[PDB]
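Participant: Sharing a structure with you now.
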Ligand code: HEM
Ligand code: HEM
Ligand SMILES: CN(C)c1ccc(CNCc2ccc3ccc(N)nc3c2)cc1
Ligand SMILES: CN(C)c1ccc(CNCc2ccc3ccc(N)nc3c2)cc1
Ligand SMILES: C[C@H](O)[C@H](O)[C@H]1CNc2nc(N)[nH]c(=O)c2N1
Ligand SMILES: C[C@H](O)[C@H](O)[C@H]1CNc2nc(N)[nH]c(=O)c2N1
Ligand SMILES: [Zn+2]
């Protein structure tokens, strides 16, 4: 591979040079004859596999704190080697854990919000042993991150995988999500995305309210045990009823959303260590709710209802009635959040900040992996600066990875 | 081996086998993806390519290994030997051009691929000749508003010293004027070219929408200027169906999009001048041409007339103004009975096309970065459609701008 790759911004003619891609560790799915860049997703490590992974990470940590080659560096290497040799694994120091989490985010090519990467509050929950303890940790996470509306990004890290039969998992894909109920008539109530997980909860004992916006309970698995249900205390769940600054009928749609986006189903990998439960949270970009959650056909699918109330010609698709309702819905989302003083960012601000971030990263780090397909917002793409920006995609480590859904792999006791 | 592509809305999974046929590279590796990078002969090189293309041509007309097939192979063989090149039959030329369209991963209009009028211009020898052929193209393709896809094919490359080139990037584009006060009148994308036309003897009307002259190079010679007779140039005044003030912006666009700077490659042969044209998807004009910062850049102006609050970005004033502009474009072309497709209809057709190609062909190379429209992405079906990108031949390729390679 060539040492220097150029990326061009086609609207500023700015040219950046990437040297960081040379540190790439995982494969992208592409080959020389086929690009998989629009593909969504293209029993443990052994002593021999673990030795180089850990060293690679440790070196990186010590290079970051400008102590590379030092006494403390070599001592740490030796202490890790000893641990892998005697216990076929090792434990990260708190400094390394915090460093590693922050870098997993920094390395997240799909995330447009990475300018904030270094302000992440890390909660070390590696002493957790039970599902009740997980629940205490997650409740504290929510309260801290939510901060009465002034959201702060945070991550809670539960114990790493050992032999694979003792995994800690959050079965929820996000800590806060709304239920979906499938009706005998084929219709769906609530959020169609969450129907399957909702059914699991019900079988596990959950009594569902059966509404449009019912917050799902946590389904928590500690130490490879069967998962357990817990209701998040309602006062810890901050919510925003959606209204429109101009259209007084918009609040009559009975729409709301939750303030805290909190992905909880990903795997955090640091130095070959696998953290299968690591819920993290930031704050919403408006389009995530306004475009995807609300206007996707397989989600809340409300464009039509919003369109009727706006009195638009919905016969000729060339009237762009869909596009017009889409904009209003997104205006309303940003207005409701800002009015309740709940942190949110519009797609114009976020994308501008990312270009700044990316330029800084190329400058100080020699690159910034980015997944254009994910970085470009799902509305008004070309009128944001990321659309014209060439991006190189590559997988650095530490990182957040996908992992199979736990109900597909769990061995029920 | 086999590759599945999922649509994350319908849950339809298609299986790609066609990609095994590619030999050309895309630029990615196992460890770096360049999916959003815009731009990543000899008798010895020439035969196996000719052979491959002849093979797939006769394989497409269900006469593989036929007598006609063997004879053509020998014929091409003998000719590459004696001459360092060879000439396509008429049928092969047409097949080759339709298939370069069919294989264009960035084109959302490929449902139409097999309906393509091919104009053989391989007997051309002068720029005057080129101008005549081009004029006929425009007239045929324009067809009084009922547009028809067409391609005009000029003599293939020989030695690189005698290329035919259409210097214009499209047959019809507006001029760009670099003003004293540093701003730009017209179209900023064409500013450079516009000034190479002035330099050559063009007399600029210095307006916002001045149709550029044709600049044509035949057989390696210097380019020559030609005005396209104005009655061949169909144009559409842009107005809005509710906003009677929109007309007063004084906006117009031409009806015929006719890319003229690409290279057509068939069977190892290079057609450096092959202007092709279809019709517009509305966003091309309404989003990119008008609203790009580095183009006409009219959002600000439109946002005024709509009396929108433009202090904070989070009022989505840009988003509102954008939608109205695109409504206006669609409305105008339709009311003028001029062919145009909206991005909702175009994307629907593409998914349908994708389904056909998997069924009968084993796949459809497609570039999600280009296929997804530059506005309202996720409310179109293609956003949710996983696509595999790969390079099949025949194809349209990029080539350098002529003014960076031509001695006079
Ligand atoms: C602080 C405010 C943040 C904003 C505004 C933001 C924005 C976004 C957006 C819009 C996406 C696309 C999500 C989607 O389309 O579903 C995304 C993805 C992602 N973000 Fe961020 N993010 C933030 C914080 C974080 C944090 C704190 C982390 C990790 C510590 C993170 C890691 C990721 C990862 C791994 C993805 C990819 C998700 C996937 O592949 O499914 N982000 N982010
Ligand atoms: C018939 C109606 C057609 C429609 C609606 C259509 C639509 C489009 C659009 C919207 C693009 C994206 C261009 C951009 O945004 O800059 C595109 C690209 C492209 N089209 Fe089509 N097109 C049509 C016909 C054709 C024809 C007739 C050909 C060739 C014979 C063709 C070959 C291509 C190629 C090669 C590209 C990629 C250009 C590049 O990489 O710069 N298309 N098309
Ligand atoms: C359709 N599908 C298969 C699918 C759906 C969802 C996902 C998960 N990404 C959702 C996410 C991640 C990180 C985020 C960070 C900040 C934020 N404000 N929001 C975030 C949202 C992956 C795949
Ligand atoms: C600045 N730059 C590097 C650049 C500039 C122009 C291009 C050309 N592609 C635009 C195109 C192609 C084919 C089209 C076919 C039909 C249609 N209705 N529209 C079409 C539009 C590529 C690259
Ligand atoms: C950087 C990026 O590749 C570039 O801006 C692309 C994105 N997608 C596009 N899609 C289309 N149809 N046309 C374009 O010019 C572009 N530009
Ligand atoms: C097919 C395609 O990869 C899929 O729909 C992607 C496109 N880009 C995306 N971008 C973001 N930010 N989030 C998504 O879920 C998706 N979905
Ligand atoms: Zn790729």
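Protein chains in written order, with the deposited numbering: chain A, 302 to 343, 352 to 722; chain B, 304 to 343, 354 to 721.
Ideal Cβ positions, reconstructed from N, Cα and C, are used throughout, including at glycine.
Starting from residue 393 of chain B and walking both ways along the beta strand (DSSP E), at which residues does that stretch end?
Facilitator: Looking at the DSSP string, residue 393 of chain B is not in any beta strand (DSSP E); the run it does join, the alpha helix (DSSP H), is 380 to 396.
Participant: Ends of the beta strand (DSSP E) at residue 548 of chain B?
Facilitator: It spans 548 to 550 - the beta strand (DSSP E) in which residue 548 of chain B sits, taken as one unbroken run.
Participant: Taking residue 416 of chain B as the reference, give the member of B/712, B/719, B/708, B/717 with the closest Cα.
Facilitator: Residue 416 of chain B has its Cα closest to that of B/708, out of B/712, B/719, B/708, B/717.
Participant: Relative to ligand 2, is the shortest distance from any of its heavy atoms to the C-beta of residue 337 of chain B smaller than 7 Å?
Facilitator: No; taking the cut-off as 7 Å, the Cβ of residue 337 of chain B has no heavy atom of ligand 2 nearer than that.
Participant: Could you please tell me which residues of the stretch 674 to 694 of chain B, in chain order, have their CB closer than 7 Å to any CB of chain A?
Facilitator: Taking 7 Å as the Cβ-Cβ cut-off against chain A, the residues of the stretch 674 to 694 of chain B that qualify are 681, 682, 687, 688, 689, 690, 691, 692.
Participant: Ignoring anything shorter than 3 residues, give me the beta strand (DSSP E) runs that lie fully in the stretch 668 to 701 of chain A, in order along the chain.
Facilitator: Counting only runs of 3 or more, we get nothing.
Participant: In its own chain, which residues sit with a C-beta less than 6 Å from the C-beta of residue 513 of chain A, not counting the 5 before and 5 after it?
Facilitator: Excluding positions up to five away in sequence, the list reads 538.
Participant: Please report the Cβ distance between residue 608 of chain B and residue 501 of chain B, rounded to the nearest whole angstrom; I am assuming they are in contact, meaning their Cβ atoms lie under 8 Å.
Facilitator: Between residue 501 of chain B and residue 608 of chain B the Cβ distance is about 6 Å, and since that is below 8 Å, they are a contact.
Participant: Would you report the Cα separation of residue 471 of chain A and residue 439 of chain A, rounded to the nearest angstrom?
Facilitator: Cα-Cα distance, rounded: 16 Å.
Participant: Quick one: list the residues of chain A neighbouring residue 577 of chain B, beta-carbon separation under 7 Å, in chain order.
Facilitator: Simply none; closest approach about 22 Å.
Participant: Consult DSSP for residue 478 of chain A and reduce its assignment to one of helix, strand or coil.
Facilitator: Note: residue 478 of chain A maps to strand in three-state DSSP.
Participant: Comparing the CB of residue 414 of chain A with every heavy atom of ligand 5, is any distance shorter than 7 Å?
Facilitator: Result no, Cβ not under 7 Å from ligand 5.
Participant: Can you pull the chain B neighbours of residue 452 of chain A, defined as C-beta to C-beta under 9 Å?
Facilitator: In chain order: nothing, as chain B lies at least about 27 Å away.
Participant: From this set, A/382, A/341, A/343, which residue's C-alpha is nearest residue 364 of chain A's C-alpha?
Facilitator: Ranking the options by Cα distance to residue 364 of chain A, first place goes to A/382.
Participant: For the stretch 580 to 604 of chain A, which residues have a CB atom closer than 8 Å to at least one CB atom of chain B, in sequence order?
Facilitator: Residues 595, 600, 601, 604.
Participant: Among the candidates A/459, A/311, A/553, whose CA atom is the shortest distance from the CA of residue 599 of chain A?
Facilitator: Closest option to residue 599 of chain A, Cα to Cα, is A/553.
Participant: Is the separation between the beta-carbon of residue 525 of chain A and that of residue 506 of chain A shorter than 8 Å?
Facilitator: Yes, the pair counts as a contact, with Cβ atoms nearer than the cut-off.
Participant: For ligand 3, enumerate in chain order all residues having a CB closer than 5 Å to any of its heavy atoms.
Facilitator: Any residue whose Cβ sits closer than 5 Å to a heavy atom of ligand 3 makes the list: A/570, A/572, A/591, A/593.
Participant: Counting contacts by CB-CB distance shorter than 8 Å, is residue 318 of chain A in contact with chain B?
Facilitator: Taking Cβ atoms only, chain B never reaches closer than 8 Å to residue 318 of chain A, which makes this a no.
Participant: In whole angstroms, what is the alpha-carbon distance linking residue 411 of chain B and residue 522 of chain A?
Facilitator: Spanning the two alpha carbons is a distance of roughly 52 Å.
Participant: Verify the contact flag: residue 698 of chain B, CB atom, against every heavy atom of ligand 5, threshold strictly below 7 Å.
Facilitator: No, since every heavy atom of ligand 5 falls outside the 7 Å radius drawn around the Cβ of residue 698 of chain B.
Participant: Excluding the 5 residues preceding and the 5 following residue 498 of chain B in the sequence, name in chain order all residues of the same chain whose CB lies nearer than 7 Å to its CB.
Facilitator: So the qualifying residues of the chain are 490, 492, 519, 521.
Participant: Would you say residue 668 of chain A reaches chain B, if we count a Cβ-Cβ gap shorter than 8 Å as a contact?
Facilitator: So, not an interface residue.
Participant: So with Cβ pairs under 8 Å, would you call residue 360 of chain A a contact of chain B?
Facilitator: False, the Cβ-Cβ gap to chain B never drops below 8 Å.
Participant: In terms of DSSP beta bridges, what is residue 524 of chain A paired with?
Facilitator: Residue 524 of chain A pairs with A/487.
Participant: Would you mind working out which of B/317, B/329, B/437 sits nearest residue 706 of chain B, comparing C-alpha positions?
Facilitator: When each option's Cα is compared against that of residue 706 of chain B, the closest is B/329.
Participant: For residue 647 of chain B, return the contacting residues in chain A, with the cut-off set at a CB-CB distance below 7 Å.
Facilitator: Correct list: 627.
Participant: Might you give, ordered along the chain, the residues of its own chain that have their beta carbon closer than 7 Å to the beta carbon of residue 370 of chain A, omitting 5 neighbours on each side?
Facilitator: Contacts found: 405, 408.
Participant: Does the beta-carbon of residue 584 of chain A have 16 or more other beta-carbons within 10 angstroms, so that it is buried, or is it exposed?
Facilitator: It counts as buried.
Participant: Quick one, which of A/714, A/646, A/698 has its alpha-carbon nearest residue 309 of chain A's?
Facilitator: The candidate whose alpha carbon is nearest that of residue 309 of chain A is A/698.
Participant: Between residue 484 of chain A and the rest of its own chain, which residues show a CB-CB distance below 8 Å, the 5 nearest in sequence each way excluded?
Facilitator: Counting only Cβ-Cβ distances below 8 Å, and skipping sequence neighbours, we find 447, 450, 451, 527, 541, 569, 571, 573, 588, 590.
Participant: Considering only heavy atoms of ligand 2, does any lie closer than 7 Å to the CB of residue 429 of chain B?
Facilitator: Yes, the beta carbon of residue 429 of chain B sits closer than 7 Å to at least one heavy atom of ligand 2.
Participant: Rounded to whole angstroms, how far is the Cβ of residue 639 of chain B from the Cβ of residue 629 of chain A, which I believe are closer than 8 Å?
Facilitator: Yes, residue 639 of chain B and residue 629 of chain A are in contact; Cβ-Cβ is about 6 Å, under 8 Å.
Participant: Can a CB atom of chain B be found closer than 8 Å to the CB of residue 498 of chain A?
Facilitator: No, its Cβ sits nowhere closer than 8 Å to a Cβ of chain B.
Participant: Taking 7 Å as the limit between beta carbons, can you name the residues of its chain near residue 394 of chain B, skipping five residues before and five after?
Facilitator: These residues qualify, in order along the chain: 356.
Participant: Measuring alpha carbon to alpha carbon, tell me which of A/324, A/474, A/302 ends up nearest residue 722 of chain A.
Facilitator: The option with the nearest alpha carbon to residue 722 of chain A is A/474.
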